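Visitor: Need a 3D model of the following:
(10 chains, ligands or ions: 1)
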Amino acid sequence: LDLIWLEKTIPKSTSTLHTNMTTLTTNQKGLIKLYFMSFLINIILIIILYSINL
Amino acid sequence: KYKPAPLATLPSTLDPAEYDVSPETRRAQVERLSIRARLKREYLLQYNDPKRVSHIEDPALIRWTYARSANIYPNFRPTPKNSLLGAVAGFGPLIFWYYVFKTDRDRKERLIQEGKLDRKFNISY
Amino acid sequence: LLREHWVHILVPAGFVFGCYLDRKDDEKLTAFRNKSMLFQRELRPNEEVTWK
Amino acid sequence: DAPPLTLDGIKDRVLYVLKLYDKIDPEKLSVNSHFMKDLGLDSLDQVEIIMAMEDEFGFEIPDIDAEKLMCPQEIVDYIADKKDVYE
Amino acid sequence: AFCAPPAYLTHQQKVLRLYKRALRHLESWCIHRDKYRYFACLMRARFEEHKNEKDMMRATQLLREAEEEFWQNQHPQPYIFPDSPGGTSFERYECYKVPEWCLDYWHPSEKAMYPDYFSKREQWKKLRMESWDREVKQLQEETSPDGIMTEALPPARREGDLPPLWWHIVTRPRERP
Amino acid sequence: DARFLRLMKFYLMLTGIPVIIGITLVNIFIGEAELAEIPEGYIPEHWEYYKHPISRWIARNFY
Amino acid sequence: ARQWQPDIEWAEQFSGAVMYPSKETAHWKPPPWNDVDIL
Amino acid sequence: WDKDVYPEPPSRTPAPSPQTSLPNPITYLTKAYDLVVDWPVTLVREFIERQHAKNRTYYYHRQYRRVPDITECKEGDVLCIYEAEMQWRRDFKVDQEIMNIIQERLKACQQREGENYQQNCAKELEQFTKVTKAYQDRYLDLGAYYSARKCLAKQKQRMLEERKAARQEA
Amino acid sequence: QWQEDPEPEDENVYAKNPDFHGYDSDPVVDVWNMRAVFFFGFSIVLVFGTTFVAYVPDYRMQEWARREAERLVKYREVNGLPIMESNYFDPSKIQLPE
Amino acid sequence: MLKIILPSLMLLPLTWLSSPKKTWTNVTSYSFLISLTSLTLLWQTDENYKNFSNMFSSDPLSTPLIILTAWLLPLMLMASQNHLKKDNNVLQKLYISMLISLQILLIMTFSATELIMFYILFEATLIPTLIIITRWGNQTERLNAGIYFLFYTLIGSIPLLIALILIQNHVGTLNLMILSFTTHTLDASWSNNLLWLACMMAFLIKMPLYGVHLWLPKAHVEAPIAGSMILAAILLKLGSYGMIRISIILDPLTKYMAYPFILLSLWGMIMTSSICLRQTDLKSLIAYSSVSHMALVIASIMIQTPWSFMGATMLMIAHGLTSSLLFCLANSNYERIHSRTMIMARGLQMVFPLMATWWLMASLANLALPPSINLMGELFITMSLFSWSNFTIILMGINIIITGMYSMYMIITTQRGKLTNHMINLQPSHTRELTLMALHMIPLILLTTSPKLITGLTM
Ligand SMILES: CCCCCCCCCCCCCCCCCC(=O)OC[C@H](COP(=O)(O)OCCN)OC(=O)CCCCCCCCCCCCCCCCC
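Guide: Numbering: from 1, shown residues only, chains lettered A, B, ... in the order given. Please see the structure below:
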């Protein structure tokens, strides 16, 4: 319960949750086309966020 | 017949393997002294040394502490018999006593509310 | 005498400053000087402040 | 309380006891005289000798250190060395 | 405690070390000396017979049934001497056996008294450093060809040399401090 | 482990005895006060409400 | 005593164009120190 | 001590009635204690008190004027309520040393009346409940953050009961 | 392997300065760093401090309350009032929800 | 209270301006006197607490600590004169100043009227501590330990920041005086049930609770002796002081929102006490001893009965002094031995006769021997806990038996048995080592004579 279970649950898990989240968000091609379309997606969603909450 | 238990183990005598003289056994039994003799002539050749101030290290003890407090989580793999047993130990009693203390505290409160608990000469808390 | 004893006077001086600053806190928080209920008395003869 | 032993009082007792063992002749016991090659005693009689000494001097001569108390003298320095008698 | 442990035990030393435990565990049940000196010369008889068995197999079958006869016919509270491991005075006086390398941190005042004591102590420390080289070299030049290696250490073998590794068998805190 | 005590048992005993001489001589010659009635308008000062003299010396001079 | 100052290996990790190297990200290599490339 | 705040019963002692020729080993000793232990001390003590009476000084007992109690104190007015939580926290102690005295006065009345404590000492224990049933009714449920507002509520939760029960009896 | 220093041994400060007090290597600083620490440490904090703390008068009013009780118990008992009445805030002051 | 503080600040100028050779004595001698000025706050002589000025106050709960915080700076600077005597003359003056700022900050935190003043100063103390642990930490793992000490406290801290700004909007001022004399009664909603957890959790984290205490064993292990003394004696108690002043508000919820923690702490007390029973690192065992004896405190600051609170105040001051004493003597063995292992170094009394007497008295303080404030403390928390539920004695009864066992085991396998054959010969005891101890225990003996001063706000 000390060491592994109380270190894998609270202290270590929070370590992993983030580590993994940075790995996906920061693995970027660096190509402009990809990045830009993401700008496209954003414009679309924000257009909607206004639209539906008109 | 003496019956060794995990405690009260089988004595040296009364132990069959002691009565084993197969070539191999007398080859290990003489090989193991060597390891010990070797290690023995590596302590005394470092403890009986004049001109020494540094700390004889006993690395066999350093391999023990590292194995016991800093080589544990690098060798943890969550299986069953480990997480079931790793939850019964942390939450089991912690939930047991809650229904031990809630039931008592609730019994007490009811009785106080209904007017039965004497609380006599109790002027402190 | 300031030759390595001007060092030794640094902290002692901090105490003095401390008390001063502290006794200039009282001077500020002096409303209810003597207007408190439990301790309101007529200034006895020759006393212009109950507590200074 | 009692007086400390000596390298000649730990030798007169060791010869004393042995001179009282019937098998060991009391006139051919000499301190440099081996128990098994010179006096004649067997292996089982070494255990019995040592044990007498362990009971004359009140301490236990460990097994491994006592599989060799052959000479009737080794017994006299080993006992003394174990009891710190520098004479 | 002095000599080194042999690797494996022979048949003999196992038999002859029962003759000790046995006879010594017969003097707990039989306390009075006479009863003992009787019930014991009868013990030797048991060991005396079956002495010349040449059939090893048999011999190791008398030994293995002797040590089980013994285990079940032993005394729970035998007579173990006062100063031996498991005894009543074992390691009692060890609270007074300081390890002698501690007189080296004494204040020059303390060592001021007790003057001749330290004059002889400084001689012995000169002996120790004066031979470490010839010793370790001996210990090594005489390392028998790699193979079986026992904890037995060599004697001197030359004048002036001191038995290799002798600083802690000599200079050992006195038993009764 | 002995030089320490001659120094600890000393510098306690250095300032300790002049205190003990002080508590004893004050408590002997000067003495604790006896309780009394506030005399119709005395309005006693802060120091007047404490028994032991040096315990009201500190009060009069510093608090 | 030598409070453990970091050795070369502790230092090594901080090299590489990404601290926590991913599956494909690790394949990358640190940017040129001069800020000029060989291509 | 005020013979009246710490009472103490009058003493009744059986008179000496020796019926043995032997000499009491106590009377002789006392005759000594009185000379070699008491007289010497007695002499010193007096000399103490005359040293005291020369510069005799006095110390009074602060008397605290009574300020308005929380029961009457504006809500939110931290000034008035502060002066009124102290007036109570003060009486939380004066009402506590009183209970210290009944703890004590009793203890003595069961050492002074052994084997009769069951009976002779019931003047107090009747009081130790007349005082404990009150201390329990004004200061007990409260947390460690005892405040006059909470005694005001501990009471007033029950003043309903001495008014709901009463009305209920009808 | 990289260049780095060989392990520094810890000196037996008790070999020189056999009067080492544990504060500093050179002897005079040591003496003057214990002559001022035992003094300011023990001689005028544990002694003058305990003297002052012992003489704090009637700390937290508990010397005052053992008298105020005595005159209240003196006054309440002689006048026949209950020694600790059972309601403190008078019932008259309270305006219970009607 | 600016004499306990301004003169303190001036210590920093003295550590820097002073000669490299004389820097140590000027600083230690002066803060001993700084402690003497601190003793003036003890002059209460009346119920009304002492509001020195708008921002600075000292009530019975803070006063017993401010004096301890001022007292340990001298001692901390005396226990770290050895290690840190191998530095470059500017690393020292940094360490000395770091220690000085801790009590400047800690003195103010314990003497602060506004709860957010507590928060800003509360969470600032991490900066000085993390530097002491990480910069001078001997082991390879202090970078890790520092991370654990910063994140566990920080993740707890931001919820408290939101909660205190929240109450300021709900009530209109975070002034502990007013908040006390004003009606702040939570309404047992689901949200309030969260507020309560927000305020208590940050305090519960640095007061190691069974669930989040892994930071303390790791931190004290590699921390230098001065950092380990500060963490055990003053740093952990910051969490307790906070729980006493913050639960004045959130008055109704803790009646039923405490069960979770209370049970976590009492079961935690048993398991933390027990793992002390087989832990090879001595500093490790003292740290878990600290977790268990602090688990008792969170179980008295939550039952909230007058006796609990001052049981808590008694134990916190007492255990603070005892723990340091244990951490200080552990260091003296560590410096000569050069290893934290408990199994090595057996028989020391044979070679260090007095340190062993200090070891014995420290252990008897560690376990509850009766003419000690340590026992009075536990006896009181034990009583109230019993009042909460008579069954509590079972769990607070397995802890007493275990606490006796590990406390004596530290004495039995470190200071008795046959001497270790020939570790690097153990140089005799310095007078500093022994005083640093004497300075810890002589106050423990003096406080036990008159326990009233450290009894808390409740009594
Ligand atoms: C070692 C010393 C042991 C001493 C035991 C003393 C027992 C006293 C008598 C207890 C039983 C009669 C009590 C009568 C008055 C109290 C009545 C009451 O209100 O108790 C209710 C309580 C209910 O508890 P529970 O079973 O959880 O009910 C859940 C319902 N859904 O009912 C209970 O209280 C059930 C539990 C009774 C016993 C308490 C638990 C004792 C466990 C000891 C474990 C020791 C080791 C602990 C772990 C650390 C070491 C491994």
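
Visitor: Pretty sure residue J:342 sits against residue J:413.
Guide: Yes: here residue J:342 reaches residue J:413: they are 5.8 Å apart, a contact under Cβ atoms under 8 Å. For every residue, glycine as well, the C-beta is placed using N, CA and C.

Visitor: So for those two, which residue has more residues nearby?
Guide: residue J:342 (21 against 16; other Cβ atoms under 10 Å in any protein chain shown).

Visitor: Now do the residue in chain B that chain C sits nearest to against residue B:108, distance only.
Guide: Nearest residue of chain B to chain C: residue B:123, at 28.0 Å (Cβ to the nearest Cβ). Distance, residue B:123 to residue B:108, using Cβ to Cβ, to the nearest Å: 18 Å.

Visitor: got it, and residue J:56?
Guide: Taking Cβ to Cβ, one finds residue J:56 at 42 Å from residue B:108.

Visitor: what do you get for residue D:17?
Guide: In terms of Cβ to Cβ, residue D:17 sits 78 Å off from residue B:108.

Visitor: Quick check: the residue of chain D nearest chain I.
Guide: Closest point on chain D to chain I, by Cβ to the nearest Cβ, is residue D:84, at 30.8 Å.

Visitor: so where do the helices sit in chain E?
Guide: Taking DSSP state H as the test, the helices found in chain E are E:11-16, E:18-24, E:33-48, E:56-72, E:115-141.

Visitor: you'd agree residue F:32 is in a strand?
Guide: No: the assignment for residue F:32 (DSSP: H, G, I helix; E, B strand; the rest coil) gives coil, which keeps it out of a strand.

Visitor: From residue I:52, how far off is the closest residue to it other than its chain neighbours?
Guide: Once flanking residues are discounted, residue F:32 sits nearest to residue F:51: 4.6 Å by Cβ to Cβ, 6 or more residues apart in numbering or on different chains. Using Cβ to Cβ, one gets 16 Å for the distance from residue F:51 to residue I:52.

Visitor: Ok, residue E:135 next?
Guide: 66 Å.

Visitor: Tell me which of the two has more neighbours.
Guide: residue E:135 (25 against 18).

Visitor: Could I get the contacting residues of that one?
Guide: Contact analysis of residue E:135 by Cβ atoms under 8 Å, 6 or more residues apart in numbering or on different chains lists E:161-162, E:164-166.

Visitor: got it, and residue J:459?
Guide: J:306-307, J:309-310.

Visitor: now the helices: where do they sit in chain H?
Guide: H:25-32, H:39-54, H:78-108, H:123-135, H:148-169.

Visitor: most packed of these?
Guide: Compared across the helices of chain H, helix H:78-108 shows the largest average neighbour count, a mean of 19 (mean count of other Cβ atoms under 10 Å in any protein chain shown).

Visitor: what's the angle between that helix and helix H:123-135?
Guide: 160 degrees (axes from the mean of the first three to the mean of the last three Cα atoms, to 10 degrees).

Visitor: Just want the angle from helix H:78-108 to helix H:148-169.
Guide: 70 degrees.

Visitor: Is helix H:78-108 positioned near chain C?
Guide: Yes: against chain C, helix H:78-108 shows contacts by Cβ under 8 Å from any Cβ of the partner chain at H:79, H:83, H:86-87.

Visitor: which one among those gets closest to residue B:74?
Guide: residue H:86 (60.6 Å; Cβ to Cβ).

Visitor: Say whether chain C is contacted by stretch J:87-102.
Guide: No: Stretch J:87-102 stays clear of chain C (Cβ under 8 Å from any Cβ), getting no nearer than 11.0 Å.

Visitor: re the thing from before, need the helices of chain H in TSV (columns: distance to chain B).
Guide: As requested, these are arranged in TSV below (distance: least, Cβ to the nearest Cβ, whole Å):
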stretch	distance to chain B
helix H:25-32	40
helix H:39-54	39
helix H:78-108	6
helix H:123-135	5
helix H:148-169	10
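
Visitor: how near is the one residue in chain E that gets nearest to chain A to residue H:167?
Guide: Going by Cβ to the nearest Cβ, chain A is nearest to residue E:91 of chain E, at 35.5 Å. Residue E:91 is 83 Å from residue H:167, where distance means Cβ to Cβ.

Visitor: same question, residue J:179
Guide: Distance from residue J:179 to residue H:167, by Cβ to Cβ: 38 Å.

Visitor: and if you look at residue H:41?
Guide: 69 Å.

Visitor: Any idea how far stretch E:104-120 is from the middle of the chain?
Guide: 33 Å (Cα atoms, centre = their mean, to the nearest Å).

Visitor: Just the buried residues of that stretch, please?
Guide: Judged by neighbour count (16 or more other Cβ atoms under 10 Å in any protein chain shown), stretch E:104-120 contains these buried residues: E:105, E:118.

Visitor: What parts of chain J come near chain G?
Guide: J:83, J:86, J:136-140, J:338.

Visitor: so which helix or strand takes in residue I:30?
Guide: Per DSSP states H and E, residue I:30 falls inside helix I:27-34.

Visitor: Now that helix: buried residues?
Guide: I:29-30, I:32-34.

Visitor: Same question for stretch B:22-37.
Guide: Applying 16+ other Cβ under 10 Å to stretch B:22-37 flags B:30, B:33-34, B:37 as buried.
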